[PDB]
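Below: structure33.pdb (PDB, C-alpha atoms and all ligand atoms)
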ATOM      1  CA  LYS I   1     -22.211  -4.719   0.604
ATOM      2  CA  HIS I   2     -18.406  -5.572   0.603
ATOM      3  CA  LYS I   3     -19.170  -8.131  -2.204
ATOM      4  CA  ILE I   4     -15.646  -8.261  -3.859
ATOM      5  CA  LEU I   5     -13.701  -8.149  -0.533
ATOM      6  CA  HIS I   6     -15.753 -11.014   1.026
ATOM      7  CA  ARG I   7     -15.192 -13.052  -2.188
ATOM      8  CA  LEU I   8     -11.394 -12.363  -2.198
ATOM      9  CA  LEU I   9     -11.220 -13.356   1.520
ATOM     10  CA  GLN I  10     -13.310 -16.556   1.007
ATOM     11  CA  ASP I  11     -11.594 -17.718  -2.262
ATOM     12  CA  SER I  12      -9.025 -20.307  -0.992
TER
ATOM     13  CA  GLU T   1      -7.176 -19.628  17.602
ATOM     14  CA  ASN T   2      -3.534 -18.505  16.902
ATOM     15  CA  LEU T   3      -0.219 -18.450  18.863
ATOM     16  CA  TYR T   4       0.273 -14.700  18.179
ATOM     17  CA  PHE T   5      -3.085 -13.833  19.891
ATOM     18  CA  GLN T   6      -1.207 -14.453  23.232
ATOM     19  CA  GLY T   7       2.310 -13.752  24.641
ATOM     20  CA  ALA T   8       5.089 -15.137  22.376
ATOM     21  CA  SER T   9       8.667 -16.195  23.253
ATOM     22  CA  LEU T  10      11.894 -15.009  21.466
ATOM     23  CA  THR T  11      11.968 -18.181  19.270
ATOM     24  CA  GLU T  12       8.320 -17.634  18.204
ATOM     25  CA  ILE T  13       9.132 -13.894  17.535
ATOM     26  CA  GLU T  14      12.059 -15.101  15.353
ATOM     27  CA  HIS T  15       9.687 -17.428  13.421
ATOM     28  CA  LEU T  16       7.181 -14.506  12.978
ATOM     29  CA  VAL T  17       9.997 -12.441  11.325
ATOM     30  CA  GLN T  18      10.637 -15.253   8.756
ATOM     31  CA  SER T  19       6.872 -15.754   8.254
ATOM     32  CA  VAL T  20       6.119 -12.034   7.513
ATOM     33  CA  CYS T  21       9.159 -11.731   5.200
ATOM     34  CA  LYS T  22       8.046 -14.887   3.305
ATOM     35  CA  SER T  23       4.356 -13.662   3.029
ATOM     36  CA  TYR T  24       5.670 -10.345   1.594
ATOM     37  CA  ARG T  25       8.185 -11.984  -0.856
ATOM     38  CA  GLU T  26       5.295 -14.066  -2.371
ATOM     39  CA  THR T  27       2.965 -10.975  -2.710
ATOM     40  CA  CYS T  28       5.309  -7.983  -3.465
ATOM     41  CA  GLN T  29       3.687  -7.673  -7.026
ATOM     42  CA  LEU T  30       6.797  -6.082  -8.609
ATOM     43  CA  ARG T  31      10.326  -7.460  -8.088
ATOM     44  CA  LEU T  32      12.748  -4.848  -6.577
ATOM     45  CA  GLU T  33      15.506  -5.931  -9.025
ATOM     46  CA  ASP T  34      13.132  -5.252 -11.988
ATOM     47  CA  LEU T  35      12.261  -1.801 -10.514
ATOM     48  CA  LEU T  36      15.933  -0.839 -10.003
ATOM     49  CA  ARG T  37      16.947  -1.961 -13.545
ATOM     50  CA  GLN T  38      14.058   0.080 -15.084
ATOM     51  CA  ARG T  39      15.303   3.372 -13.446
ATOM     52  CA  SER T  40      17.114   4.242 -16.754
ATOM     53  CA  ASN T  41      13.840   3.695 -18.738
ATOM     54  CA  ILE T  42      12.339   7.238 -18.424
ATOM     55  CA  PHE T  43       9.344   8.677 -20.357
ATOM     56  CA  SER T  44      10.282  11.098 -23.196
ATOM     57  CA  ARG T  45       9.042  14.758 -23.264
ATOM     58  CA  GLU T  46       6.590  13.616 -26.034
ATOM     59  CA  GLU T  47       5.271  10.728 -23.839
ATOM     60  CA  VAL T  48       4.803  13.067 -20.797
ATOM     61  CA  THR T  49       2.890  15.551 -23.114
ATOM     62  CA  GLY T  50       0.651  12.650 -24.319
ATOM     63  CA  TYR T  51      -0.298  11.820 -20.682
ATOM     64  CA  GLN T  52      -0.913  15.549 -19.943
ATOM     65  CA  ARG T  53      -3.153  15.731 -23.037
ATOM     66  CA  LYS T  54      -5.290  12.775 -21.755
ATOM     67  CA  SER T  55      -8.682  13.694 -20.310
ATOM     68  CA  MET T  56      -9.094  13.902 -16.497
ATOM     69  CA  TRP T  57     -11.568  10.981 -16.454
ATOM     70  CA  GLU T  58      -9.226   8.716 -18.506
ATOM     71  CA  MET T  59      -6.205   9.398 -16.196
ATOM     72  CA  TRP T  60      -8.402   8.813 -13.076
ATOM     73  CA  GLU T  61      -9.612   5.500 -14.510
ATOM     74  CA  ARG T  62      -6.036   4.361 -15.446
ATOM     75  CA  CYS T  63      -4.816   5.322 -11.898
ATOM     76  CA  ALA T  64      -7.861   3.706 -10.135
ATOM     77  CA  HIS T  65      -7.157   0.446 -12.057
ATOM     78  CA  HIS T  66      -3.395   0.315 -11.221
ATOM     79  CA  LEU T  67      -4.137   1.144  -7.572
ATOM     80  CA  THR T  68      -6.839  -1.599  -7.528
ATOM     81  CA  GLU T  69      -4.370  -4.173  -8.931
ATOM     82  CA  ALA T  70      -1.798  -3.164  -6.203
ATOM     83  CA  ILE T  71      -4.538  -3.555  -3.474
ATOM     84  CA  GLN T  72      -5.263  -7.144  -4.685
ATOM     85  CA  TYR T  73      -1.658  -8.112  -3.887
ATOM     86  CA  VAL T  74      -2.093  -6.456  -0.426
ATOM     87  CA  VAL T  75      -5.234  -8.622   0.161
ATOM     88  CA  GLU T  76      -3.097 -11.709  -0.668
ATOM     89  CA  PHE T  77      -0.345 -10.416   1.706
ATOM     90  CA  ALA T  78      -2.998 -10.019   4.517
ATOM     91  CA  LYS T  79      -4.348 -13.570   3.823
ATOM     92  CA  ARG T  80      -0.815 -15.122   4.199
ATOM     93  CA  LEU T  81      -0.079 -13.009   7.303
ATOM     94  CA  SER T  82       0.169 -15.075  10.536
ATOM     95  CA  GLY T  83      -3.038 -14.561  12.558
ATOM     96  CA  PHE T  84      -4.983 -12.507   9.947
ATOM     97  CA  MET T  85      -7.288 -15.343   8.746
ATOM     98  CA  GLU T  86      -7.976 -16.299  12.431
ATOM     99  CA  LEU T  87      -9.648 -12.885  12.981
ATOM    100  CA  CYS T  88     -13.403 -12.598  12.214
ATOM    101  CA  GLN T  89     -14.682 -11.475   8.751
ATOM    102  CA  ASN T  90     -15.790  -8.033  10.081
ATOM    103  CA  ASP T  91     -12.283  -7.304  11.511
ATOM    104  CA  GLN T  92     -10.472  -8.555   8.340
ATOM    105  CA  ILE T  93     -12.624  -6.166   6.233
ATOM    106  CA  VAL T  94     -12.143  -3.269   8.729
ATOM    107  CA  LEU T  95      -8.332  -3.802   8.671
ATOM    108  CA  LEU T  96      -8.223  -4.002   4.831
ATOM    109  CA  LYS T  97     -10.613  -1.040   4.238
ATOM    110  CA  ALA T  98      -8.561   1.215   6.513
ATOM    111  CA  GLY T  99      -5.095  -0.177   5.669
ATOM    112  CA  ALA T 100      -4.835  -1.544   2.081
ATOM    113  CA  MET T 101      -4.228   1.954   0.565
ATOM    114  CA  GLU T 102      -1.679   2.804   3.313
ATOM    115  CA  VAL T 103       0.219  -0.475   2.539
ATOM    116  CA  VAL T 104       0.183   0.425  -1.219
ATOM    117  CA  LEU T 105       1.604   3.923  -0.362
ATOM    118  CA  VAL T 106       4.455   2.338   1.652
ATOM    119  CA  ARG T 107       5.117  -0.339  -1.089
ATOM    120  CA  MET T 108       5.282   2.593  -3.605
ATOM    121  CA  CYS T 109       8.662   3.872  -2.256
ATOM    122  CA  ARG T 110      10.344   0.823  -4.003
ATOM    123  CA  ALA T 111       8.983   2.062  -7.397
ATOM    124  CA  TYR T 112      10.082   5.639  -6.663
ATOM    125  CA  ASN T 113      13.538   6.967  -7.622
ATOM    126  CA  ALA T 114      14.675   9.746  -5.224
ATOM    127  CA  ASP T 115      17.684  10.634  -7.525
ATOM    128  CA  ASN T 116      15.470  12.206 -10.247
ATOM    129  CA  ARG T 117      12.104  12.238  -8.346
ATOM    130  CA  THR T 118      10.397   9.734 -10.737
ATOM    131  CA  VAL T 119       7.885   6.925 -10.148
ATOM    132  CA  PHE T 120       7.338   3.676 -12.147
ATOM    133  CA  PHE T 121       4.020   3.953 -14.021
ATOM    134  CA  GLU T 122       2.799   1.951 -17.091
ATOM    135  CA  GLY T 123       6.215   0.515 -18.063
ATOM    136  CA  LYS T 124       8.454   3.587 -17.485
ATOM    137  CA  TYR T 125       9.613   6.128 -14.866
ATOM    138  CA  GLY T 126       7.969   9.561 -14.858
ATOM    139  CA  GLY T 127       7.938  12.692 -12.686
ATOM    140  CA  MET T 128       4.784  14.124 -11.059
ATOM    141  CA  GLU T 129       4.168  16.268 -14.226
ATOM    142  CA  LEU T 130       2.935  12.979 -15.807
ATOM    143  CA  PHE T 131      -0.221  13.148 -13.581
ATOM    144  CA  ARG T 132      -1.100  16.839 -14.323
ATOM    145  CA  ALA T 133      -4.362  15.819 -16.107
ATOM    146  CA  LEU T 134      -5.739  14.361 -12.793
ATOM    147  CA  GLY T 135      -6.272  17.838 -11.377
ATOM    148  CA  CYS T 136      -5.084  16.926  -7.837
ATOM    149  CA  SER T 137      -1.498  18.312  -7.735
ATOM    150  CA  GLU T 138      -1.606  18.678  -3.869
ATOM    151  CA  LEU T 139      -2.389  14.936  -3.372
ATOM    152  CA  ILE T 140       0.178  13.869  -6.067
ATOM    153  CA  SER T 141       2.922  16.153  -4.686
ATOM    154  CA  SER T 142       2.102  14.838  -1.129
ATOM    155  CA  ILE T 143       2.427  11.199  -2.305
ATOM    156  CA  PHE T 144       5.739  12.027  -4.078
ATOM    157  CA  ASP T 145       7.063  13.821  -0.962
ATOM    158  CA  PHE T 146       6.062  10.830   1.216
ATOM    159  CA  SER T 147       7.790   8.313  -1.168
ATOM    160  CA  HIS T 148      10.806  10.690  -1.156
ATOM    161  CA  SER T 149      10.989  10.660   2.683
ATOM    162  CA  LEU T 150      10.574   6.813   2.792
ATOM    163  CA  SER T 151      13.342   6.439   0.093
ATOM    164  CA  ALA T 152      15.755   8.365   2.431
ATOM    165  CA  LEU T 153      15.381   5.510   4.998
ATOM    166  CA  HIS T 154      16.919   2.975   2.496
ATOM    167  CA  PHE T 155      14.453   0.251   3.577
ATOM    168  CA  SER T 156      15.401  -3.358   2.878
ATOM    169  CA  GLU T 157      12.677  -5.741   1.535
ATOM    170  CA  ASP T 158      12.545  -7.417   4.994
ATOM    171  CA  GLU T 159      11.984  -4.031   6.715
ATOM    172  CA  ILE T 160       9.224  -3.146   4.212
ATOM    173  CA  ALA T 161       7.638  -6.606   4.897
ATOM    174  CA  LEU T 162       7.589  -6.083   8.676
ATOM    175  CA  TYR T 163       6.625  -2.357   8.674
ATOM    176  CA  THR T 164       3.832  -2.989   6.156
ATOM    177  CA  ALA T 165       2.424  -5.886   8.297
ATOM    178  CA  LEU T 166       2.217  -3.316  11.186
ATOM    179  CA  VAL T 167       0.509  -0.673   8.950
ATOM    180  CA  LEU T 168      -2.196  -3.329   8.310
ATOM    181  CA  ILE T 169      -2.464  -4.908  11.823
ATOM    182  CA  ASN T 170      -3.548  -1.738  13.655
ATOM    183  CA  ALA T 171      -5.727  -2.364  16.746
ATOM    184  CA  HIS T 172      -6.834   1.280  16.853
ATOM    185  CA  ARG T 173      -8.961   0.994  13.630
ATOM    186  CA  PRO T 174     -12.574   2.080  14.373
ATOM    187  CA  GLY T 175     -15.032  -0.837  14.044
ATOM    188  CA  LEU T 176     -12.935  -3.729  15.392
ATOM    189  CA  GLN T 177     -15.051  -6.305  17.201
ATOM    190  CA  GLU T 178     -12.091  -8.405  18.572
ATOM    191  CA  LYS T 179      -9.878  -5.418  19.557
ATOM    192  CA  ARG T 180      -7.891  -7.416  22.188
ATOM    193  CA  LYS T 181      -7.024 -10.129  19.602
ATOM    194  CA  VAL T 182      -5.825  -7.415  17.127
ATOM    195  CA  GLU T 183      -3.832  -5.719  19.990
ATOM    196  CA  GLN T 184      -1.930  -8.935  20.786
ATOM    197  CA  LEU T 185      -1.266  -9.630  17.103
ATOM    198  CA  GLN T 186       0.000  -5.992  16.673
ATOM    199  CA  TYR T 187       2.267  -6.362  19.793
ATOM    200  CA  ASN T 188       3.968  -9.579  18.463
ATOM    201  CA  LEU T 189       4.387  -7.990  15.005
ATOM    202  CA  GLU T 190       5.858  -4.824  16.760
ATOM    203  CA  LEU T 191       8.308  -7.214  18.588
ATOM    204  CA  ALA T 192       9.155  -9.021  15.297
ATOM    205  CA  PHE T 193       9.901  -5.685  13.523
ATOM    206  CA  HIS T 194      11.920  -4.239  16.455
ATOM    207  CA  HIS T 195      13.784  -7.602  16.861
ATOM    208  CA  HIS T 196      14.884  -7.647  13.174
ATOM    209  CA  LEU T 197      15.975  -3.951  13.431
ATOM    210  CA  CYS T 198      17.955  -4.797  16.628
ATOM    211  CA  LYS T 199      19.598  -7.825  14.872
ATOM    212  CA  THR T 200      20.572  -5.745  11.772
ATOM    213  CA  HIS T 201      21.570  -2.587  13.822
ATOM    214  CA  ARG T 202      18.829  -0.497  12.164
ATOM    215  CA  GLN T 203      17.000   0.678  15.349
ATOM    216  CA  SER T 204      18.071   4.249  14.355
ATOM    217  CA  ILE T 205      15.214   4.237  11.717
ATOM    218  CA  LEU T 206      12.526   3.985  14.535
ATOM    219  CA  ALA T 207      12.748   7.776  15.250
ATOM    220  CA  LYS T 208      12.848   8.512  11.452
ATOM    221  CA  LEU T 209       9.648   6.568  10.582
ATOM    222  CA  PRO T 210       6.613   8.657   9.422
ATOM    223  CA  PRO T 211       3.941   9.520  12.089
ATOM    224  CA  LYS T 212       0.723   7.374  11.810
ATOM    225  CA  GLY T 213      -1.272  10.549  11.034
ATOM    226  CA  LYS T 214       0.761  11.034   7.821
ATOM    227  CA  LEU T 215      -0.642   7.818   6.234
ATOM    228  CA  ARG T 216      -4.202   8.643   7.428
ATOM    229  CA  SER T 217      -3.941  12.232   5.989
ATOM    230  CA  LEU T 218      -2.885  10.841   2.549
ATOM    231  CA  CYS T 219      -5.811   8.371   2.585
ATOM    232  CA  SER T 220      -8.308  11.064   3.683
ATOM    233  CA  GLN T 221      -6.999  13.349   0.867
ATOM    234  CA  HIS T 222      -7.443  10.444  -1.655
ATOM    235  CA  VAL T 223     -11.091   9.868  -0.624
ATOM    236  CA  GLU T 224     -11.688  13.715  -0.755
ATOM    237  CA  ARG T 225     -10.216  14.046  -4.317
ATOM    238  CA  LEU T 226     -12.311  10.981  -5.362
ATOM    239  CA  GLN T 227     -15.548  12.733  -4.229
ATOM    240  CA  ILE T 228     -14.619  15.887  -6.275
ATOM    241  CA  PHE T 229     -13.977  13.629  -9.345
ATOM    242  CA  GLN T 230     -17.263  11.752  -8.643
ATOM    243  CA  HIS T 231     -19.270  15.044  -8.737
ATOM    244  CA  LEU T 232     -17.725  15.923 -12.196
ATOM    245  CA  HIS T 233     -17.894  12.422 -13.768
ATOM    246  CA  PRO T 234     -20.380  10.197 -11.806
ATOM    247  CA  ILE T 235     -21.089   7.873 -14.781
ATOM    248  CA  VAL T 236     -17.296   7.411 -15.219
ATOM    249  CA  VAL T 237     -17.064   6.080 -11.557
ATOM    250  CA  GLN T 238     -20.279   3.965 -11.803
ATOM    251  CA  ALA T 239     -19.413   2.433 -15.234
ATOM    252  CA  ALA T 240     -15.605   2.364 -15.540
ATOM    253  CA  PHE T 241     -14.026   2.403 -12.011
ATOM    254  CA  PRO T 242     -13.022  -1.101 -10.681
ATOM    255  CA  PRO T 243     -15.713  -2.585  -8.339
ATOM    256  CA  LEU T 244     -13.033  -3.229  -5.635
ATOM    257  CA  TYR T 245     -11.982   0.477  -5.756
ATOM    258  CA  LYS T 246     -15.637   1.672  -5.286
ATOM    259  CA  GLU T 247     -16.144  -0.810  -2.412
ATOM    260  CA  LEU T 248     -13.109   0.609  -0.520
ATOM    261  CA  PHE T 249     -13.242   4.340  -1.389
ATOM    262  CA  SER T 250     -16.869   5.235  -2.430
ATOM    263  CA  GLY T 251     -18.943   3.105  -0.019
TER
HETATM  264  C1  LIG D 301       3.504  -2.587  -5.708
HETATM  265  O1  LIG D 301       4.013  -1.284  -5.973
HETATM  266  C2  LIG D 301       3.608  -0.811  -7.224
HETATM  267  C3  LIG D 301       2.493  -1.274  -7.905
HETATM  268  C4  LIG D 301       2.162  -0.730  -9.132
HETATM  269  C5  LIG D 301       2.932   0.271  -9.698
HETATM  270  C6  LIG D 301       2.576   0.902 -11.012
HETATM  271  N1  LIG D 301       1.971   0.015 -12.000
HETATM  272  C7  LIG D 301       1.422   0.468 -13.197
HETATM  273  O2  LIG D 301       1.539   1.597 -13.653
HETATM  274  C8  LIG D 301       0.588  -0.510 -13.943
HETATM  275  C9  LIG D 301       0.527  -0.510 -15.378
HETATM  276  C10 LIG D 301      -0.248  -1.352 -16.076
HETATM  277  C11 LIG D 301      -1.068  -2.323 -15.302
HETATM  278  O3  LIG D 301      -1.791  -3.113 -15.897
HETATM  279  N2  LIG D 301      -0.947  -2.264 -13.916
HETATM  280  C12 LIG D 301      -0.152  -1.374 -13.244
HETATM  281  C13 LIG D 301       1.579   1.989 -10.714
HETATM  282  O4  LIG D 301       0.401   1.744 -10.497
HETATM  283  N3  LIG D 301       2.176   3.234 -10.699
HETATM  284  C14 LIG D 301       1.621   4.382 -10.104
HETATM  285  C15 LIG D 301       2.468   5.365  -9.632
HETATM  286  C16 LIG D 301       1.945   6.513  -9.070
HETATM  287  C17 LIG D 301       0.573   6.693  -8.970
HETATM  288  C18 LIG D 301      -0.049   7.912  -8.339
HETATM  289  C19 LIG D 301       0.944   8.965  -7.896
HETATM  290  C20 LIG D 301      -1.092   8.543  -9.238
HETATM  291  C21 LIG D 301      -0.266   5.701  -9.443
HETATM  292  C22 LIG D 301       0.253   4.565 -10.021
HETATM  293  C23 LIG D 301       4.035   0.739  -9.006
HETATM  294  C24 LIG D 301       4.368   0.200  -7.777
HETATM  295 NA    NA D 302      12.720   4.633  -3.581
END

Output the file's structure as structure tokens, nothing else.
Amino acid sequence: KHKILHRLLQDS
Amino acid sequence: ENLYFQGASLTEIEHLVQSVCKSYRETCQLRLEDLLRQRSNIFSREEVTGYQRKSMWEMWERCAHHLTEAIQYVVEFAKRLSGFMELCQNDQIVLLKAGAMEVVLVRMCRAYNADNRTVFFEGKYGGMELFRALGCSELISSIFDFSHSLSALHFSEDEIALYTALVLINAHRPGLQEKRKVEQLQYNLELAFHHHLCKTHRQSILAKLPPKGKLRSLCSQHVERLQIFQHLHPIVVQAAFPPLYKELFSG
């Protein structure tokens, strides 16, 4: 899933 | 895609040093000067007893939260790290899943006082006896011993910055799609770290640094102790453990 990690990485 | 994905000159290695040190300064979570001043603020015998009297599930949840908060600052450190955002999304996740916890364990030595063997936890300094309710004395003692051995190196903030960037940018992590790109990034970061040590006459610490298997063993023990806790309190993990924690350490 990696939902939170993807979000943290995308959130600029 | 990035200068540090190819061979870099001395001047570019010098810039990389300043870049890593800056990225770390902006993401270190806790100020070293605040940690050093708080060394006198130690938990009372009554406070230690109160933590020992807490249920296993409550201590696990408090510890999983604080660890999760520390990992968020590591994610921000990775994002500001020269070359990291130029890697693909799979590789960024691979590097953070394998390395975030290892970076937190290295960062931890700053919050650890070798003089009285205490760690900074929830506003004060406490010994390992504070975590007795967790029921994983081997893992806790191993983390304390590791922080104790790192404390003996007397790392500066700049050295922590550079070493910690290397802990994260590890081209040998299983699952890397752009292994050659990670390898070149690791090489330049190795050069930046060794250059700063050369410049500050601190190359003597190279032989005294922990073996890479020591950080992996601590992480493997963490995941193992999590599974034992999960068996005993599965609804505690599912309902009360941070989603980021479960994503990295459960699956
Ligand atoms: C960046 O390095 C650190 C980050 C956090 C801490 C400690 N913070 C807290 O206890 C905390 C309190 C309240 C809050 O909202 N968030 C965090 C920390 O997490 N300490 C710590 C020390 C040892 C362990 C293990 C040995 C169990 C776990 C946590 C220490 C060093
Ligand atoms: Na220390």

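Nearest residue to ligand NA 302 (chain D), choosing from T:144, T:249, T:4, T:84 and counting only C-alpha atoms and all ligand atoms: T:144.
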
- [ ] Could you state which residues are captured by the PyMOL selection byres (((not hetatm)) within 8 of (chain D and resi 302)) in this file, as a PyMOL selection string?
- [x] chain T and resi 108-114+147-148+150-152+154

- [ ] Residues up to 6 Å from ligand LIG 301 (chain D), counting only C-alpha atoms and all ligand atoms: could you list those as a VMD selection string?
- [x] chain T and resid 29 to 30 63 66 to 67 70 107 to 108 111 119 to 122 140

Task: Option closest in space to chain I, from T:129, T:86, T:102, T:115 [counting all atoms listed in the file] - done: T:86

Open item on the list: Using only C-alpha atoms and a cut-off of 8 Å, which residues of chain I sit close to chain T? Please list them as a list in words.
Closed with: residues 1, 2, 3, 4, 5, 6, 8 and 9 of chain I

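For the residues T:2, T:18, T:118, T:55, ranking by smallest atom-to-atom distance to residue 40 (chain T) using only C-alpha atoms places T:118 first.
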
Task: Coordinates-based distance that separates CA of residue 50 (chain T) from CA of residue 132 (chain T) (Å, one decimal) - done: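 Answer for the CA of residue 132 (chain T) to CA of residue 50 (chain T) separation: 11.0 Å.
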
Task: Result set of the PyMOL selection byres (((chain T and resi 181) around 12) and not hetatm) on the coordinates above, as a ChimeraX atom specification - done: /T:1-7,83-84,86-88,91-92,169-172,176-180,182-188

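You will find CA of residue 80 (chain T) at 29.3 Å from CA of residue 221 (chain T).
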
- [ ] Determine the residue set returned by the PyMOL selection byres (((chain T and resi 57) around 12) and not hetatm) for the present structure, and present it as a PyMOL selection string.
- [x] chain T and resi 53-56+58-64+131+133-135+226+228-237+239-241

TODO: Would you mind reading off the distance between CA of residue 196 (chain T) and CA of residue 69 (chain T), one decimal, in Å?
DONE: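 That distance, rounded to one decimal, is 29.5 Å.
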
TODO: Go through T:25, T:37, T:218, T:95 one by one, measure the shortest atom-to-atom distance of each to residue 138 (chain T) using all atoms listed in the file, and give the residue with the smallest value.
DONE: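 Going through T:25, T:37, T:218, T:95 one by one, the smallest distance to residue 138 (chain T) is for T:218.
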
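Proximity to residue 48 (chain T) was assessed for T:163, T:125, T:220, T:209 counting only C-alpha atoms; the smallest distance is recorded for T:125.
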
Open item on the list: Calculated over only C-alpha atoms, which of the candidates T:28, T:139, T:160, T:17 has the smallest distance to residue 199 (chain T)?
Closed with: T:17
